[PDB]
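The chain below stands alone, shown as structure tokens; this is the form deposited in one PDB entry.
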């Protein structure tokens, strides 16, 4: 019989153009059949009624019942491409940063301010005009303030008096905008946050997309905080610039992929002061315009499936060479 690769995610993702481009290529593997789990099934059917698969590609996004996916994987014991239990931790910036540190991955110097919403003034924060002290640790402006929820994209940057003060408020893109300037100079009064050193880049973010630990595609885009105007192309896509990862960065990608156990894993690098710092690890993420990425990604995923499952299915398999980017 065919090796079944099941795809289990919210329809917003499963039916996205990048996903459909990748799945059509995976389907070209002679011995692989792709089955995309319907959103109505994921949300409303007990996991005992979900389709069978031999290999499961499943990932959390807003509204996804991760508990069910974990229960399904437990029930059916498929080969799992992106580890499901780690996807709970990926939702928490504190957990993400803890893992990066444990792996010796460079990241911004940071401190966690946990607030008890019941008693919010009891927290370990002292604020001055050009700095904060979080658990006694001093962050001079510019510094960055991130909601502990990785799914909350309201990231604020605070400017020093020397640069005019105020703050830049970043958010999930709305049309042509990715951030706005605010005259507000004081930090947020409610919520729990990570405070971190601002890393000066050349005005671009590097977005990295792994497919297993030995492949990573990178591309750059204008830092959302710079002025907040999104650079769009004639097709309405964000303008993305060429990047080739150096040896250090290729190692970072290998570590991130393995440490988070996410074969397909997006993360962000800040190229600053002659090094590269990880500031965000997103897990399963979508490259949006590269035909070669779709080719490479589908081929690597198919080969991973074949290498793991062909012997069990009595299918001959010789593992081929794969590009590193």
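Residues that one form lacks are left out of the comparison. What we label the rigid core is the largest C-alpha set whose atoms superpose within 1.5 Å from one form to the other. Numbering follows the first chain given and starts at 1.
The following text describes the form deposited in another entry, which does not appear among the structures shown.
- Item | Displaced residue between this form and the one not shown, judged on C-alpha after the rigid core is fitted, out of 123, 126, 251, 180 (threshold 2 Å or more) | Single residue meeting the criterion: 123.
- Message: residue 236: after superposing the rigid core, is there a C-alpha shift of 2 Å or more between this form and the one not shown?
- Response: Indeed, residue 236 is displaced by 2 Å or more.
- Regions of at least 3 residues displaced between this form and the one not shown by 2 angstroms or more (CA, core superposed): Those runs whose C-alphas all shift by 2 Å or more are 117 to 123, 233 to 237.
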